[PDB]
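Asker: Pasting an experimental structure with its sequence.
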Amino acid sequence: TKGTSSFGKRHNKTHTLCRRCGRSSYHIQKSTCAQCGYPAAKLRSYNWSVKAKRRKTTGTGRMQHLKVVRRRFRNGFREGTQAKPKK
Amino acid sequence: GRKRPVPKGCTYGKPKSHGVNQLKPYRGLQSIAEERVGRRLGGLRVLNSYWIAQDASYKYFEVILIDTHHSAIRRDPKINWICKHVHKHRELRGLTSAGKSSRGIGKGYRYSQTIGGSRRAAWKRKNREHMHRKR
Amino acid sequence: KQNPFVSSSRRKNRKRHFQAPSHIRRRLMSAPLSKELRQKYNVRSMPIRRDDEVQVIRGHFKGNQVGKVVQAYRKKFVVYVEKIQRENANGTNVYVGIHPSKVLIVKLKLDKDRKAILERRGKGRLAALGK
Amino acid sequence: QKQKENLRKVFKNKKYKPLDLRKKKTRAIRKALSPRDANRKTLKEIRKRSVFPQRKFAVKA
Amino acid sequence: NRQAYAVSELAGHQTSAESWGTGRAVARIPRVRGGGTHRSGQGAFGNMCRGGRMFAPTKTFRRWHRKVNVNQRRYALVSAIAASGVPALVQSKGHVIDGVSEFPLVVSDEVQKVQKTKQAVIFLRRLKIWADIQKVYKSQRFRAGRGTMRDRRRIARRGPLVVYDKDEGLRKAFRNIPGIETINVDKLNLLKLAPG
Amino acid sequence: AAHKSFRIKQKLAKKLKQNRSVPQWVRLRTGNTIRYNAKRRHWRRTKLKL
RNA sequence: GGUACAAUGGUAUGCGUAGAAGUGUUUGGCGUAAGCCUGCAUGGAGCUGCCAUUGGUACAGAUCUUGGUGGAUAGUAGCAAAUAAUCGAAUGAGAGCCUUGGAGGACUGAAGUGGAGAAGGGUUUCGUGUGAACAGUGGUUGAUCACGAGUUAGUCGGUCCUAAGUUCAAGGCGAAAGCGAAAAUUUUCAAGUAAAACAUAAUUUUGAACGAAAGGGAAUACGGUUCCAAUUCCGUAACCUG
RNA sequence: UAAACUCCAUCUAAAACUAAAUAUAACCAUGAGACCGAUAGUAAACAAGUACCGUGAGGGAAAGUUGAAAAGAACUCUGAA
RNA sequence: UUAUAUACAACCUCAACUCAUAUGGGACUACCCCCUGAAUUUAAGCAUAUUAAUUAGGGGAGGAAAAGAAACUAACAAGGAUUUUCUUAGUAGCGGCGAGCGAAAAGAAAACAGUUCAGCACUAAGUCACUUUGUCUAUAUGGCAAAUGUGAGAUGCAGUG
RNA sequence: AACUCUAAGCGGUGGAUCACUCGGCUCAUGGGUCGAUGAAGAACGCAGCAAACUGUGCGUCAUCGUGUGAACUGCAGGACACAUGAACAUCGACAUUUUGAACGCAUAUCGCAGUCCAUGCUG
RNA sequence: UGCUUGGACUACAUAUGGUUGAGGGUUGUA
């Protein structure tokens, strides 16, 4: 009974969702995400897995601020003025 | 020295690897001293450090540290170099006088192989394998 | 050709015009003027519009009859002209799309802006023939 | 923007304007020695500056 | 003039795939690990696998360029000027020259001042050089590659070469004619003087 | 479970609205390639792991 | 030495929507041979001979790799545990099912196959519609598919309290990360005042927080109501907290 | 080449700043190529780090092509279709 | 002051604040600096060696970084900060002297740019930060002056060097 | 016209071959720009009809100002809002939800506060 | 006062000032 019979006892969760990364990999008794290592100020990533880094790098999501800063660089980071009309 | 933090289930390897209790750091106690101040005080730059006493388990040091956003460190052009951004955490990069010595930086012959800079800049050069176009 | 910021790559030229936005796609939507409007305005081509009159040159409709356009359907790189048409199976008149390179503008719709292109595309022909 | 342009009229002439009526350039650029003293100089270097300028010359026979 | 090519250095090797060994009734190659995705457990890393690395990947440090002795590139330039006389040898690169006056064709320095392509083709018309340009237009084709997708679809074959001394206007004026190219005396490319 | 949290009920709600088909005008747009929905789940064949 | 494949440089005043590559073939051939040329048929936009230089350059095998397929086999594989259905009717294109309703024989036999919950699941619930696929037979039905809807609280729970324990707080330590520390660290580290006098004055340091939908812990019951919700809506009668 | 003598040369450690030539699988914008041509080239030409699997760390596909133009087969007959 | 019985002061060491003003964490990964540090492998075994002062782990920056104006070479007829390339050179050396490993000066290039402190018979704190008030003209962590208002400063600020 | 053998023709099954290529890869060039002024990332919302992707943040497939100067389109609906400007780019204005280094305390909770200013119901 | 609603604020470590202070830590006029 290592197999079929033992697997019906799976009804408690080892990992709920995670409050930084949104993956269901926050261990509840550890209180530690297995992915981003959440309650720890600094993200968890490693050089022995580049595929995992690839999956949550800058520009895997939205980049809601960075690519306004790229568009503002090319104009010399100008502020407080607007395009006067003509022509 | 540095007890090697292997788990008392000690170092697995070949017998040159087995040393635990007689090894020394590569950075000195004064190096590691102002390192421990630059972390805990991230809002200030470490300039230089200095021995003031010691006995048998604790050497200890003063550390001259500088509030780089003050309106008198920045407005005064002699000290004003370290208010720049290549001086953010210099003591964590080997750039104060104490961290500098561990690196092995000098002229000429005896201080040879860190000759491009770092020590690792020199292994990169000495092992650099130039395939040429015209070759 | 002599500019190093100009690509002769098949790839980058096909990509930069199928992915052209719909205001670069107006200048890509261009048609030659008639030899009387080429002679009246000193303007060779023009971006096509809606109420412009137009004659079809190449392809099955082949033209001597001028009709006006009703859609500059820039999304397909195609125009629809008022009597260039076709039937469904069930007798609905469908417009057949013609590319503007294979069409000939014989009467331009003019307002304050389509006139000012003519006083800009023609002024820059005497200023490019006197070189 | 009829009300932020009005606050920018009041927080003229005051030092310590709000952080929003204050020039978000980049974090690195806002800190990095405002050039009014990044290129101010010691009195020893202003005195080496005013006695031997780079002369303007040409060489051949 | 060649450029470097190579496959990516990490291609075929982006898999954590080890070998089921024996005796699992399937051959001993590195098979992809997990489950539920068509890709396990499928075959990785090999030249014979589908998605593996190629047999020995191409590297960017092939010797592409070459050192020729300088005296041996002077030998070849000289043997491409002594063959640009000899009308048995210009007549065997194609090259319509049965109305060309002399071998070598020397023309005035007044050709070095030709400033428009209209003037330039009359010079080639008047000197009976235009019959080799007309053979250039009849050779305009498309390549039968593969080169068509790699930016060399095509234009023609080669024509005359106008060695000049000074350039008052003639490299602009001869620029647009197919097959024609203009070259200085002191440089003299061998790649242009014995093409192919 | 019939006692859930507010945060599992909103992630369960979003996967519920995302379980529509493709509207059939979408296959009438020009040069369209979307045929079916490729991110349809059944509740009984693929589980959500939430 | 010769032959297949792909390229690059030259070359053939080469070939091609009057049909290129490819494929098919009892068209006719050539070559010792690898292979080649040719007709016709399909095909619809590109390709070949020569000189040089090449290269990811030639497959029957690797329990090779990916994909597809054949027998075995339309089957003596099989679809046989949990007793069992039958009559007639209606619907329908078609009915043994689940489709329905009627009658009837049976089983579970209440330690249930009955009625409710906790995990878990996540719309599966419900009404109407339904066509393929799915329900290893069928299907007019469906936990399928389309559309529309549905979950109501001061009293039921959570939330509050702590347990076992956990996370952090600078004694500390460590190159650091961080202790797979448990810090118990820590000058007044905590309280107190219808708040005072020759210190205002009496007192306390284990900081802090999390951790129980089964422990502790304020207050509600009935009758009615829906296609779908009810200690929640409706009516009625109470109760707790401030 | 260790040591002791007597020289000679040579620098001035135990504080500090400093452009340029140099590096660059990343980012912003470009140009190229004797590269690959959908079992190839990135794993990904496509709603691809997707679908999906694993408690988790992680594993991770397949899938491009009507025609020049939808002109995307009105209508009739047969059928429950 | 101080029989710890009235104050008063001033320092020095240390507190506290939702005080005024500010500063710092986190991200990326190609290059860069500081650390920590393997084993597969090869030596036809294997422990030193090798792999490698490298994969992995940790920390810190910039458009480059580090280095850098001699406690350097040489032994010359002498050269003259750093860094990069060529050569030196697979050399001198190092090594179960086995496997293997392995630089530098000079020479030739690219580029060139030099300096500042502490410490003396500087010989009137000759300096600085705030804050307020005049008053310039960015939407100024600015400009000048006034009060020299409050502080830093004689346990040493400026200038010279 | 049993079955079998072999050949071709026709139909199937299958998706090779060839020809395509808004994609990869490799080389080079120019440039130097994240974040406590809340980054990267996450989550959920947002369209007349939309699930994904793409875009965005209750001002929610957009956005001031500019540029250009008539579309957008699958279908409606309006464009009298060129002729005082569609759709696109561009972007300097305003803005940016819950989060997140994440900052009142927590968080398998949309849980519990404090201090303060206002309004909305007594007086 | 009274419940709701909206807004500003309330993390930590640090620098410089400000402000309140502790200490039979050195001292001083009495």
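Answerer: All right, it came through fine. Numbers count the residues shown, from 1 in each chain, chains lettered A, B, ... in the order given.

Asker: any idea where the strands of chain A begin and end?
Answerer: Secondary structure of chain A by DSSP state E: the strands cover A:15-16, A:26-27, A:32-33.

Asker: Dihedrals phi and psi, residue E:18?
Answerer: phi -100, psi -170 (degrees, to the nearest 10).

Asker: what residues does the helix ranked longest in chain A touch?
Answerer: Using DSSP state H, we find that the single longest helix of chain A is helix A:66-73. Helix A:66-73 is contacted from outside by A:58, A:59, A:78, D:26, using C-beta atoms under 8 Å, 6 or more residues apart in numbering or on different chains. The C-beta positions use only the backbone N, C-alpha and C, and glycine is treated the same way.

Asker: how near is the residue of chain C most remote from its centre to RNA strand J?
Answerer: Here the centre of chain C is the reference, and by C-alpha atoms, centre = their mean the most remote residue is residue C:90, at 31.6 Å. According to C-beta to the nearest atom of the strand, to the nearest Å, residue C:90 and RNA strand J sit 15 Å apart.

Asker: got it, and residue A:47?
Answerer: Separation of residue A:47 from RNA strand J (C-beta to the nearest atom of the strand): 17 Å.

Asker: for residue E:133, same thing?
Answerer: In terms of C-beta to the nearest atom of the strand, residue E:133 sits 29 Å off from RNA strand J.

Asker: cool, residue B:120 as well?
Answerer: Using C-beta to the nearest atom of the strand, residue B:120 is found at 21 Å from RNA strand J.

Asker: For the residue of chain E found nearest chain C, give me its contacts.
Answerer: Scanning chain E for the residue nearest chain C gives residue E:151, at 5.8 Å (criterion: C-beta to the nearest C-beta). The neighbours of residue E:151, taking C-beta under 8 Å, 6+ apart as the test, are C:8, C:9, C:10.

Asker: So it versus chain A, what's the distance?
Answerer: Look at residue E:151 and chain A: by C-beta to the nearest C-beta, to the nearest Å, they are 29 Å apart.

Asker: hmm, the longest helix seen in chain D in reach of RNA strand J?
Answerer: The helix that spans the most residues within chain D, counting by DSSP H, is helix D:4-10. Yes: using C-beta under 7 Å from any atom of the strand, helix D:4-10 reaches RNA strand J at D:4, D:5.

Asker: Give me the contact list for the helix or strand following that helix.
Answerer: For helix D:4-10, the following helix or strand on the C-terminal side (DSSP states H and E) is helix D:27-31. For helix D:27-31, the external contacting residues (C-beta under 8 Å, 6+ apart) are A:77, B:69, B:85, D:23, D:24.

Asker: okay, now the second one: neighbour count?
Answerer: Around residue B:69 sit 12 other residues, with neighbours defined as other C-beta atoms under 10 Å in any protein chain shown.

Asker: same deal with the first one?
Answerer: Counted with other C-beta under 10 Å, the neighbours of residue A:77 add up to 13.

Asker: quick one: the residue nearest to it when sequence neighbours are not counted and RNA strand H, what's the gap?
Answerer: Leaving out its chain neighbours, the residue that sits closest to residue A:77 by C-beta to C-beta, 6 or more residues apart in numbering or on different chains is residue D:25, at 5.1 Å. Computed with C-beta to the nearest atom of the strand, the distance linking residue D:25 and RNA strand H is 17 Å.

Asker: same check, this time on residue B:63
Answerer: On the measure of C-beta to the nearest atom of the strand, residue B:63 and RNA strand H end up 12 Å apart.

Asker: How many neighbouring residues does that residue have?
Answerer: 21.

Asker: sec struct for it, please.
Answerer: State at residue B:63, reduced to three classes by DSSP: H, G, I helix; E, B strand; the rest coil: strand.

Asker: follow-up on the earlier one: would you list the contacts of helix D:27-31 in a markdown table and tack on distance to residue E:103?
Answerer: Converted to a markdown table, these look like this (distance: C-beta to C-beta, whole Å):
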| residue | distance to residue E:103 |
| --- | --- |
| A:77 | 67 |
| B:69 | 83 |
| B:85 | 71 |
| D:23 | 76 |
| D:24 | 76 |
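
Asker: close to RNA strand I, is stretch A:44-64?
Answerer: Yes: part of stretch A:44-64 sits near RNA strand I under the criterion C-beta under 7 Å from any atom of the strand, namely A:45, A:46, A:47, A:48, A:50, A:53, A:57, A:58.

Asker: Pull up the residues of chain C that are close to RNA strand J.
Answerer: Along chain C, the residues adjacent to RNA strand J under the rule C-beta under 7 Å from any atom of the strand are C:10-11, C:14-15, C:18-19, C:21-26, C:47-50, C:71-75, C:111-114, C:116-117.

Asker: out of those residues, who's near chain E?
Answerer: Contacts with chain E within the residues of chain C next to RNA strand J, counted by C-beta under 8 Å from any C-beta of the partner chain: residue C:10.

Asker: Which of the residues of chain C next to RNA strand J are buried, as a PyMOL select command?
Answerer: Buried members of the residues of chain C next to RNA strand J, defined by 16 or more other C-beta atoms under 10 Å in any protein chain shown, are picked up in PyMOL with:
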select buried, chain C and resi 25+47+48+49+72+74
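
Asker: Okay, and which of the residues of chain C next to RNA strand J map to helices?
Answerer: Taking DSSP H, the ones among the residues of chain C next to RNA strand J that sit in helices are C:10, C:11, C:14, C:15, C:18, C:114, C:116, C:117.

Asker: Including distance to chain B, could those go into JSON lines?
Answerer: Shown next, in JSON lines, are these (distance: C-beta to the nearest C-beta, whole Å):
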{"residue": "C:10", "distance to chain B": "28"}
{"residue": "C:11", "distance to chain B": "27"}
{"residue": "C:14", "distance to chain B": "33"}
{"residue": "C:15", "distance to chain B": "32"}
{"residue": "C:18", "distance to chain B": "38"}
{"residue": "C:114", "distance to chain B": "55"}
{"residue": "C:116", "distance to chain B": "52"}
{"residue": "C:117", "distance to chain B": "51"}
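
Asker: Tabulate the residues you listed in TSV, adding columns for distance to RNA strand H.
Answerer: Converted to TSV, these look like this (distance: C-beta to the nearest atom of the strand, whole Å):
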residue	distance to RNA strand H
C:10	9
C:11	8
C:14	11
C:15	10
C:18	12
C:114	28
C:116	29
C:117	26
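
Asker: of these, closest to residue E:48?
Answerer: Among these, residue C:11 lies closest to residue E:48 (C-beta to C-beta), at 31.9 Å.

Asker: distance of the closest one from chain A?
Answerer: 23 Å.

Asker: Tell me how far the residue of chain A found nearest chain C lies from chain B.
Answerer: Closest residue of chain A to chain C, C-beta to the nearest C-beta: residue A:87 (11.2 Å). Residue A:87 sits 42 Å away from chain B, going by C-beta to the nearest C-beta.

Asker: Could you measure from that residue over to RNA strand K?
Answerer: Taken as C-beta to the nearest atom of the strand, the span from residue A:87 to RNA strand K is 41 Å.

Asker: likewise residue E:71?
Answerer: 72 Å.

Asker: Repeat that for residue A:29.
Answerer: Applying C-beta to the nearest atom of the strand, one obtains 26 Å for the distance of residue A:29 from RNA strand K.

Asker: which residues of chain E fall in helices?
Answerer: E:70-78, E:117-126, E:130-137, E:170-173, E:190-193.

Asker: Can you check my assumption that residue F:14 lies in a helix?
Answerer: Yes: assignment of residue F:14 by three-state DSSP places it within a helix.
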